[PDB]
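Each remark here refers to the structure printed beneath this line.
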């Protein structure tokens, strides 16, 4: 998203989305951790549910 | 208007006569030194000819004046012969050369001064800028131990009045290197370190030296995360760091005068020992060029009697660095009386220049997790 | 009309003052090249006398001018004296020659141009003939003779023998071909990065200053003075380079250094490590140095680094040859090759020309053995001299 | 001032007349070619109406003139009607078109010439630049046997008027391959060969074919060195090479017109049979692009009825070549009616394209010591 | 004040002359389009006559003008006379129409635009209405030739006969290919014939076969321009195709002693032909024209064949001007001009759009032909006088020939 910036600075938190499971990559957070939160996606209901 | 027609004529007429007298002139004068429009032309063509060539004499010079059709624009040839038949002895010359240069110098002083006054009425507006393009324009182990045993050997270590330049390509770790030095000086020795961080914020900077100090995993803090005893480790860091005499200025883009004024006040109020500037190419000029900044950073070192460490960034020529990689971005080379380059999690410190002391490669190890340089 | 009355008078009067100054003038002129008809006469009458005979002074010329009764048709003898009693310097002459020769040529461009113009009004008519004869006036290899000259080179490599008429290089085999590096020559050594052109230049500089009594001026634009000394200390006394870098040092490798320094201190090596110099600065410094202590070699660490008179590369090249001629000293300029090679040849510095012409000798560098390709030499053979390179001491040695 | 008013009026009126007479008139003339301000505008408007649409006649033209509001700027339409009624028949025109053209070109001679004279007093200054930009400005087995039996099988061999293209990556040995062919032809057959070496000098080239001819070790000559009987081997090579019809031109960077004019003279003076060009990318254009060169070399071939072998260099896509490796450096692909690539000291000759013959691989052995290609 | 009286005069006059010109006129104009009152009246009256009745010429129009007592109000009848004069060509009526029509939209633009300017001083008052009627008023110009079965099936029938009607007199130059000659009749004087095919289909061979068939069989001279292939390279192909010699047999030569005797007959027969070749790499059209021009008037010319158009360079240092020039060439020399063309990689059966992306040859050509079991198909997709369909021929690779079926 830097080749299509400059959203990188203005956002104090940037998250990416990547087994019908999906990964939520929190690449930037100004007050707090940086890691991968994992959720399960159900195509039939168009829902994300806990794990 | 400061000028010496009499002594100008001499230099022109002495070159017609000797004419190996053009050498000691060309080293002391350049055509724009001469005040009379006409004289510039001559000394210019007289010099232009010397660039073949071929050599220099009454005739050859007239040819080169007719070449650029500026013969009849001086006097006639009648003037060229006047110049010759005017000066009897052409051994003085240089001189003569130094009398025309002085008159050339003042006229620029008289000018750059009148240019500053003229500005004080067209701006009003800037000040903190006008007061810089005023400095800049009118500008025309025996030392401090580093904490790196092997570097101290060679340097002895960083000494007062020296402008030290540490250049490195991005990602090599010049910032961390500077910080480790600044940190080692403040914690171990009783001396105060002023750090200007132009790219990185104050807190962002401390966060690195806190990791470095107490051995806390850098990414552990970034992503916090933190081991309950790693946390204890931090409290020890802070404590040890609190006693140190570190003064940071994280102003995005400062001018050199602002850096001078702030270091000036600090020495005479608490005491100063080192000045660390996070990369030079970020210091903005006195306008709204990099040579004038370099020049002024050396002057800063002389005035406060303090080793100034200015980081620099290398051109994409390397892709082992050497002097020409910062030359294409000069003229830092001269002003610096010590130039160091950064190049197995081991790093090399190549001291390419040192005015008093050897030239070689000191080797240190770099730990990514703590952002530290350690001995070997 | 282009002309240089003053510079004509110089050629003429400069014969009357030597007159071994007619030989050079006559190579670079013919009586027509002289504007003022009166001059045309003299320089011809002067040449007519050289065709005996007999020799060539005032007397003999005034005879020849009267021999075609155009004596009083010049000025008088009164004027012939003026030619000489005017111009005081005739080590030039040649000159002087090229001044009057340039101004003739122009005077012809104008003429033949104005004639092409004039013709555009009379004819109307031809066209396809006019635009052919337009060329003509605005313009003013076989295998027999190549072989004939190749044998003169194929030997020229065997012939050699053997007198070293220039400045000895210290490399026996390179001296064979060059004889060796000679006064007034612009010597260009081009090589890709890492091949070791800087080490080559240094070995030469070092060999000259230590073995012979001559002084070497080195301009290192890339490398610092001390950083350069470090490499020739290693090369002198045989000290491992990395040993000094990381230091390290065997106690007797240290004693090796003291002998190196001693022998190197007597040498006349003058270094200028000014990062980016203009040619004029180089010139002025060499100029002072020769007339103060005595100069023999100029060595410049890479050409591409010399900045011009602005704030192009051909002008620098041209000015270096000049520098060579003025100080009567071989100038060794290092050059860097384009990424075309990736065995070097002329085109690899022609894309970064026009060094090819100005240089009278062009050398490329290409088993810790290295090849020295002499692709051009104005008076001598063309081929490959082979040397051995020792990384540890940063040296080139014979074979 | 060269001018044919009458001729102009014809061309113009003749368009109003036919007006399929504008086609040859535009093939010959463009607006500026007309001396009269007025006509220039008409013959432009006329042409501008040609580019739709719509087509061209007395109405539609006045419509276009009114458009760029330059109707009354000519004469009236009064003058346009004068143009149609002044000339009776439009069968001529072209012409008329060519009379106007002569007059046009003549003024462009007086112009580009007068310019030069004018320059002869401003510059003085230059010469070698004036003498350059003076020309510049004013200039405006059925075939030949290759000796390689297996190549000849496929090609039959190199035939008259054919542009042959030999492409290879650096170091593969294209130069040596061209040289061997050139040599084989000169020595074995009675035909003359013209070689243009743009990278390598004439002597440097002969050195390689001397080595190739009499079997002399190449590094032995370069370093010289030479066996007293290797030496006698040279004298046999020379003798047998002397009788050959080899003509070499080692000019650094030639334009194709020079290549053409030189070969043209050679055919009509002694007889030509082959033209070999040491690498195409080195030929400079008519400026101060590569497709126009390639097109011109086909032209050259066809004019002289002589096979033209042009070496080419391959892009870094290979790192077995194919058509797309010179297509990115096109458009040589079409103009060539035979394209050959070069790819165990054994080499492969890949004949990718041949207009009147097979397509395949011919295999030859290369000897590095002699710089020769031999049969198999 | 934007207008074209010049153009108006034509349209009005052009009707008087044809008067089947008045239909295409009305489909493009309505009285108001005319700037001059006088004209407005005429075109109107002229039209009011069409509504009978009755039809339209000098008398009938002066009749309708005296009828609405506006005859002497135009000028005289003398002006109706005059009008009939200043129309250059009656066949260009619609282009003159569009001139008038363009000056009439302009006027309305200018007007409705000035009507907006005028508004932004009186209303002040509205704004959001102003900016809404601003669009409206301009868009109401943007609004101010659709085609209906009834005719499309009149041709798509009359055509669907011609393929069978043929019979059978070859008026133009005969091709040698009896089935092509049926449709074309065959290649006639002044026609620009364009044969298009993808590489390796065999258009070159097809051109050559015709060239050959024309020169040997008929007494006519052919002028072949081969910009890709060399003259000897080309002859080698038509020697093969004449005396039936295996092409690859000559290439790799090779040759059967009686295949050798087969060559000597081919040469003979082919020597008597009137084949002239120019193998110049890249010619301009002006060069093609001046060479053909000389040859006609010196020996007689009957056919020009150009080996592929996209190789012809222009008058510079575009493909449309070439096309246009080639048709003119044909008209001047009264000779069929066969220009080969290459197809765009859209096919990968060809159609008109495959050369239309590389136009504008489509219009200039009065006949377009595509090439598509060693059998080949000759699709005739355009013919100005004649049917449209597919003729079939068989291709023999060994001799490089096209033969009948």
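Chains as they are written, first to last, in the entry's author numbering: chain E, 380 to 397, 409 to 441; chain D, 10 to 149, 183 to 330, 338 to 368, 374 to 397, 409 to 441; chain C, 10 to 149, 160 to 330, 338 to 368, 374 to 397, 409 to 441; chain B, 10 to 149, 183 to 330, 338 to 368, 374 to 397, 409 to 441; chain A, 10 to 153, 158 to 330, 338 to 368, 374 to 397, 409 to 441. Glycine included, every Cβ here is placed at the ideal spot set by N, Cα and C.
- Annotation: residue 38 of chain B to residue 106 of chain B spans about 6 angstroms, alpha carbon to alpha carbon.
- Look at the segment 246-265 of chain D: the residues with a C-beta under 8 angstroms from a C-beta of chain E are 264 and 265.
- For residue 198 of chain B, the C-beta contacts it makes with chain A under 8 angstroms involve 264, 265 and 266, in order along the chain.
- Contact between residue 203 of chain B and residue 243 of chain A holds, with the beta-carbon distance rounding to 4 angstroms and staying under 8 angstroms.
- Annotation: Cβ neighbours of residue 101 of chain A in chain B (cutoff 9 angstroms, chain order): 63, 64, 66, 68 and 69.
- Residue 361 of chain A: member of the beta strand (DSSP E) spanning 357-362, first to last residue.
- For residue 394 of chain B, the closest Cβ of chain A is not nearer than 8 angstroms.
- Per DSSP, the beta-bridge partners of residue 316 of chain C are C/235.
- By the beta-carbon neighbour count (other beta carbons within 10 angstroms, threshold 16), residue 143 of chain B is buried.
- With distances taken between CA atoms, residue 147 of chain B lies nearest to C/123 out of C/175, C/386, C/123 and C/212.
- The C-alpha of residue 74 of chain A is placed about 9 angstroms away from the C-alpha of residue 82 of chain A.
- Going by DSSP, residue 291 of chain B is part of the beta strand (DSSP E) stretching over 288-291.
- Contacts between residue 143 of chain B and chain C, judged by CB atoms closer than 7 angstroms, involve 118 and 147 in chain order.
- Within the segment 191-250 of chain D, the alpha helix (DSSP H) runs of at least 4 residues that lie entirely inside it are, in chain order, 191-197 and 216-230.
- Among the residues of chain D, those whose CB is under 7 angstroms from the CB of residue 108 of chain C are 72, following chain order.
- In the DSSP assignment, residue 432 of chain C falls within the beta strand (DSSP E) that extends over 425-432.
- Assignment of residue 438 of chain A by DSSP, reduced to helix, strand and coil, places it in the strand class.
- Going by beta carbons, residue 109 of chain D and residue 41 of chain D fall outside the 8 angstroms limit.
- Within the model, the alpha-carbon separation for residue 131 of chain A versus residue 151 of chain A is close to 26 angstroms.
- For residue 134 of chain B, at least one C-beta of chain D is nearer than 8 angstroms to its own C-beta.
- Residue 420 of chain B and residue 425 of chain A have their C-alpha atoms roughly 33 angstroms apart.
- When secondary structure is reduced to three states using DSSP, residue 257 of chain A falls in the coil class, being assigned neither helix nor strand.
- In the assembly as shown, residue 441 of chain A is an exposed residue. Its beta-carbon has fewer than 16 other beta-carbons within 10 Å.
- With at least 16 other beta carbons inside 10 angstroms of its own, residue 13 of chain A counts as buried.
- When the five nearest sequence neighbours on each side are left out, the beta carbons in the same chain lying within less than 7 angstroms of the beta carbon of residue 374 of chain C are those of 397, in order along the chain.
- Beta-bridge analysis with DSSP links residue 396 of chain E to E/414.
- As the crow flies, the alpha-carbon of residue 114 of chain A is around 8 angstroms from that of residue 153 of chain A.
- Between residue 79 of chain D and residue 356 of chain D, the CB-CB gap reaches or exceeds 8 angstroms.
- Around the beta-carbon of residue 177 of chain A, fewer than 16 other beta-carbon atoms lie within 10 Å, marking it exposed.
- Listed along chain D is no residue with a C-beta nearer than 9 angstroms to that of residue 439 of chain E; the closest approach is about 26 angstroms.
- Any Cβ of chain C closer than 8 angstroms to the Cβ of residue 57 of chain D would place that residue at the interface, and such an atom is absent.
- Across the segment 281-302 of chain B, CB contacts with chain C closer than 7 angstroms involve 283, 284, 286, 288, 289, 290, 291 and 294, in sequence order along the chain.
- DSSP places residue 268 of chain A in no alpha helix (DSSP H); its state is neither H nor E.
- Residue 119 of chain D carries a helical assignment under DSSP once its states are collapsed to helix, strand and coil.
- Taking a C-beta distance under 8 angstroms as the contact criterion, residue 318 of chain C and residue 235 of chain C qualify as a contact pair.
- Taking the C-beta atoms as reference points, residue 251 of chain D is found nearer than 8 angstroms to residue 221 of chain D.
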